[PDB]
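Each chain, written out:
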Number of protein chains: 2
Amino acid sequence: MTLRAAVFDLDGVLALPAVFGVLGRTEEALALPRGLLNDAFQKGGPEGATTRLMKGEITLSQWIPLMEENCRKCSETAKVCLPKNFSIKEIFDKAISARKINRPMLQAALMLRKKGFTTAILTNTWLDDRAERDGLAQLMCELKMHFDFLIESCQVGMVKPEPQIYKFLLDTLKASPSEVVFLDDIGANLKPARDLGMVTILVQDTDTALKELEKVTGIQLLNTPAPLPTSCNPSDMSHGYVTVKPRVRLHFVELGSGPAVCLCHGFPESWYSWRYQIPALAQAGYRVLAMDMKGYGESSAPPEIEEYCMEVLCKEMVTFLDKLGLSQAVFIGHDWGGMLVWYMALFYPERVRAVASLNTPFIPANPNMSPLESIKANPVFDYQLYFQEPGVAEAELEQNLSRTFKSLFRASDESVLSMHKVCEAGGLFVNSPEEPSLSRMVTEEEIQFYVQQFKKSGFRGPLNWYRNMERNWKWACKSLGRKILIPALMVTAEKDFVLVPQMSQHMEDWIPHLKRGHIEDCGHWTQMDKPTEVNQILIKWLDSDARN
Amino acid sequence: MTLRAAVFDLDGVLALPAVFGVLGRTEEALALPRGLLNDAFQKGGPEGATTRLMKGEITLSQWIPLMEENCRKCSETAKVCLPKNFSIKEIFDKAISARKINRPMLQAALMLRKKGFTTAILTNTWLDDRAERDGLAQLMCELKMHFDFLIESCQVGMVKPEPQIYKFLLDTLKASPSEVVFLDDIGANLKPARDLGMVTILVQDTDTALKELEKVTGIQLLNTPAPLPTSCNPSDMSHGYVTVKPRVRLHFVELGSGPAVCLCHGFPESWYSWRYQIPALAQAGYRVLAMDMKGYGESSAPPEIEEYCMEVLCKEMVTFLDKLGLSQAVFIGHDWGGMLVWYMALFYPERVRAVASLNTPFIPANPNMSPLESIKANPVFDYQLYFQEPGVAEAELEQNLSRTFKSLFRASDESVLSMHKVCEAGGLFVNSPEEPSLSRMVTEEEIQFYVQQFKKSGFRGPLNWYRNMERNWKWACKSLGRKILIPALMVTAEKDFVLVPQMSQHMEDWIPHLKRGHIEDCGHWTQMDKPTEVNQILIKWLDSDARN
Ligand SMILES: CC(C)C(=O)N1CCC(NC(=O)Nc2ccc(C(F)(F)F)cc2)CC1
Ligand SMILES: CC(C)C(=O)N1CCC(NC(=O)Nc2ccc(C(F)(F)F)cc2)CC1
Ligand SMILES: [Mg+2]
Ligand SMILES: [Mg+2]
């Protein structure tokens, strides 16, 4: 029984600038007797203030005075006085926020966990009731939600170097000492582990630390590539449900706090298309609500084609905002989601805090030209005609849902799905394989997630979005004298061969402060093709344009 | 066919300081030629800038310059100049926010609607893309969600005095002109109505306006009592679902934006117990999440008794926060909810932004005394023993769910449910009626809502909360050296004969900055007994203690 577990210290291992390294730092800053503070801190030993703290017996605020008091007499015996504007509260405040996640370490904990390793945190921590306690609280969710366990001293009532806590850890890990690795910055904290037969690593500089793990675990950890952003596990999400209308209920997934951000996916997808942006943006400081749009998934998908014109669709969201209590929301859409977002900007500005589109441009309708005409004047939009006749297009998509999704979600350098002559050919897939190979963009499981969803209600509803060309052309002509003068971002994908980035080139005529973003080497499925830069671009524009 | 509909102007009828009354006000403020501004505004008539605005042809920001331009030459012909620091943007900004809901008018629209009247708003409004557009956007949800319809000019493409919009209204109202009353502040806006045969009222001072309606409708509207806060319609709520654990999913209802506020109900209730506080608090500036607590309703209710000790229950919420992306939340509980909130404060401060209890005090456990002992030393807690033996208590409650809820939810001056000798008597209801009369606190329907919920999973789970006295006593003794030093409010109910307000009198010993609130003339069911003062007390403490 060799390794299958990985346990991490917090202060000094997963989170850096470690507090204790300020403990001292300060002394120096203030010409204090070397270590004075650090004695006060450890004063009493097992039966001292700081242990009681770490055990949960008392709380951070309860402890501040006991520390200061200890400090008093650490300096009385050292025949000295403290400064007269001296503050234990300030020190720890600065220190506790000063401290940020150690990124490579976390990334290595991911890497291991990605490969079957049960991961946990073991840390000597306290019950934080400081007026400013949230900052730490914030950091803990960011961490903990990447581990099997988080074991805190003040939570379990035992401390770290006391044996019984390691016993507690093993118990939690469902494991035996030789199956487990444990990293820490204090040597005293290491020894007990070993005595039971644990692999241990003294963490000093972080990346020799990694070397040791790397070796003893037999897994590239250092210098491992940049990894995809955090995905979502549907079963561990908050699912929301709003019946927006007698027989239309809309489903969404919700994570985060702050300014509401609404993500609207394109043809044939699900809220899952945003799996990479949800934790990212939530993390960046927002409340994300990722819709199943009408017709998809756990939202309702009513048969009638009218039920899917832009105008109807738009009111429904406005209701969605209504029934949730939201006066505004930032709207980011992709593919079809793109155009809808655009029409929320043009018809309900008071409701749209800011607006954002991946790939899908804004084209104002040509009030002379019919749109069934307009599409015909363009080889690549030939597929949209194929989609008009109710039923034809559905049988082909529904026929094999794996084949179908597998044939769509593929990256630029990867295709087995082409664009035109689609009506002559008489199939979207007329000339593609029955068992198409996995794209670099999707696991097998991910594809099956989609297969579940679309077993519910098929493509009738989704394919309906293409069946209101006429009505939407008309609706759209109402807005022909307007302009978008609210925060608005147009993200273009180099190699999306349908939402081509030239199509967007005049958009600044009707949107004069339009900010932009552009993804090199990116096919149509933006959010799973180039998730990280997608996240990078979006968070930055939110922060600059959507906060205040 | 006499009246059954009621239609309201916005500016000057449902919302006061009407904008146009600033239009002029300003002129005076700045020694401008009387009405100069008001001409510029109406300049062009039907074919002018302001109509296009009102029709949706263009937008507020699009219009600002056209107005200023018009203003230029209204003053050129008046042989005059404007000031050199002159701003149409500022004026309307101040004006648009200056304007608040006309309360009595809205209240009268409620009153009528409460009595079978289809209510709507008809208003000449614009597409707001001002940098500061939310303020108005905010006001509109507050209003609109109390009406059958909101009909906006720029939304329908027709304007108010043009006939075709009235036709549009009738159509929407499913009504004929003589069945409808229409209030407005402009006479021109009145006339078309009448020509089709509509009852009309020129709104000047608001309460002669009311007199007219009062009479022509034959319904007390003026001087009508203070009305209960807005309730929730379950079907028009956002329902959320978090599986917090393999087979425990927690349900909640969510409304609002801002700092998260978590409401936790007491024995045997539902998130519906907060029906009066949800819109109120949401409205006050918060994101409310009202739980079905474990054991109730659409949350999971697993059989085992352990599954309901405070410690288990607490982690589950902490998870709930986790899986929703919330670092903190304000916790307000009632009855059992009260105690749980308290233990969230004592065991997870980093997570509790602030803490609040209705009725339920904080008592620290007596580490010498057993609690099964402790309860016995008190006539009134005799019922808790009745609840210990699994099954006995459930058959009696489940036997008749109407009888049961109807027998509980009753106000102080109202009872048919007593407290003690409950074991000897051998029933909670041993001596109450089979068809108990409706309390002033509940409609019949409301009772049935509860009956639905509890048909799902009965009282096993809820009654379990009383079956971990021992375990919780133990858990609780861990916190005996701690204190609550976070924002914390103890709301006491005069006439709650079990959560008596003396029981809370030493709480300041362990909570030294505890703020308080106190409800005269209030039984145990605080939130439906005294909703308005409940809302008043809570919002004020949130604003002062929970914002920053
Ligand atoms: C102004 C135009 C570009 C616009 O707003 N549009 C038209 C184009 C539309 N998007 C798509 O057609 N997307 C799409 C997605 C998937 C496929 C499929 F996979 F080929 F079937 C084909 C097309 C989005 C809305
Ligand atoms: C410290 C004590 C007071 C405490 O925290 N407690 C004990 C009392 C408990 N609340 C109740 O017993 N509530 C209640 C509610 C309803 C009934 C019933 F309707 F009689 F059945 C009876 C009792 C709430 C938690
Ligand atoms: Mg450490
Ligand atoms: Mg008016």
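Residues numbered from 1 in each chain as written, not as in the entry; some residues may be left out. Chains lettered and ligands numbered in written order. Heavy atoms only, no water. Residues with missing side-chain atoms left out of burial classes, pairs and counts.

Per the deposition metadata, X-ray crystallography was the technique used to determine this entry, at a resolution of 2.94 Å.

Looking at the PDB entry, one finds chain A named Bifunctional epoxide hydrolase 2, with Homo sapiens as its source organism. Looking at the header, the entry is titled "Crystal structure of human soluble epoxide hydrolase complexed with 1-(1-isobutyrylpiperidin-4-yl)-3-(4-(trifluoromethyl)phenyl)urea". Per its UniProt entry, chain A bears the Cofactor comment "Mg(2+)". UniProt, in the comment section headed Subunit, describes chain A in these words: "Homodimer." (UniProt positions renumbered as here; feature names shortened; annotations may be inferred.)

A. Here's a closer look at the site of ligand 2. Residue and element names in this part refer to chain B. The immediate surroundings of ligand 2 are formed by 13 residues, with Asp 335, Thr 360, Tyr 383, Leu 408 and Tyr 466 found nearest. Here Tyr 383 contributes a side-chain N or O atom positioned 2.4 Å from an oxygen atom of ligand 2. Between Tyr 466 and ligand 2, the recorded distance is 2.8 Å, taken from a side-chain N or O atom to an oxygen atom. The residue inventory of the shell around ligand 2, partitioned by class, reads ten nonpolar, two polar and one charged. (Near = heavy atom within 4 Å. Polar contact = N/O pair within 3.5 Å; in protein donor to acceptor, adjacent residues only side chain to side chain. Nonpolar A, V, L, I, M, F, W, Y, C, P; charged D, E, K, R; others polar.)

B. Seen up close, the domain arrangement of chain A. Residues and elements named next belong to chain A. Split into domains, chain A comes out as domain 1 (1-17 + 98-218), domain 2 (18-97) and domain 3 (237-548). The contact between domain 1 and domain 2 buries some 1,800 Å² in all, and 56% of this surface belongs to carbon and sulfur atoms. Contact with domain 2 buries surface across domain 1, with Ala 98, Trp 126 and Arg 130 losing the most and accounting together for 33% of the total. Summed over the shared surface of domain 1 and domain 2, the result is three salt bridges. Here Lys 55 ties to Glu 162 by a salt bridge, and the two come within 2.9 Å at their closest N and O atoms. Counting every contact that joins domain 1 to domain 2 gives 13 residue pairs in polar contact. Listing elements by their share of the side of domain 1 that touches domain 2, those giving two or more residues are strand 2 (15-16) and helix 8 (153-156). For the side of domain 1 that touches domain 2, the residue count by class is ten nonpolar, five polar and eight charged. (Domains from an automatic or database assignment. Buried area = accessible area lost by both parts, 1.4 Å probe. Salt bridge = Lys/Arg side-chain N within 4 Å of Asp/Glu carboxyl O. Helix = DSSP H or I, 4+ residues; strand = E, 2+ residues; numbered from the N terminus.)

C. Structural detail: the interface of chain A and chain B. Counting residues at the interface gives 55 residues for chain A, matched by 55 residues for chain B. When chain A packs against chain B, close to 4,300 Å² is buried across both sides, 48% of that on carbon and sulfur atoms. Of all residues in chain A, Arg 133, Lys 323 and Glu 350 of chain A give up the largest surface area on contact with chain B, accounting jointly for 14% of the area buried on that side. Where chain A packs against chain B, one counts six salt bridges. (Contact = heavy atoms within 4.5 Å.)

D. The arrangement of a negative patch on the surface in detail. Taken together, the side chains of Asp 413, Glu 494, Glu 520 and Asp 521 of chain A present a region of like negative charge at the surface. In this fold, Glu 494 of chain A is placed in the loop between strand 14 (488-493) and strand 15 (515-519). (Patch = residues over 30% accessible without salt bridge, like charges linked within 9 Å, V, L, I, M, F, W, Y side chains within 5 Å. Areas by Shrake-Rupley, 256 points an atom, 1.4 Å probe, with all protein chains shown as cover. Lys, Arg positive; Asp, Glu negative; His and termini not counted. Charge placed at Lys NZ, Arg CZ, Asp CG, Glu CD.)

E. Main features of the site of ligand 1. All names here are of chain A. Near ligand 1 you find 13 residues, and of these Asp 335, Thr 360, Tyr 383, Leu 408 and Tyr 466 are the closest. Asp 335 has a polar side-chain atom sitting 2.6 Å from a nitrogen atom of ligand 1. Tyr 383 is positioned such that a nitrogen or oxygen atom in its side chain is 2.4 Å from an oxygen atom of ligand 1. Coverage of ligand 1 by the protein chains reaches 89% of its 560 Å² of free accessible surface. Here the shell around ligand 1 is composed, by residue class, of ten nonpolar, two polar and one charged.

F. Representation of the UniProt feature "domain: AB hydrolase-1" in chain A. As annotated in UniProt, the feature "domain: AB hydrolase-1" corresponds to residues 259-531 of chain A in the numbering used here. A helix fraction of 36% and a strand fraction of 13% characterise residues 259-531 of chain A, whose end C-alpha atoms lie 21 Å from each other.

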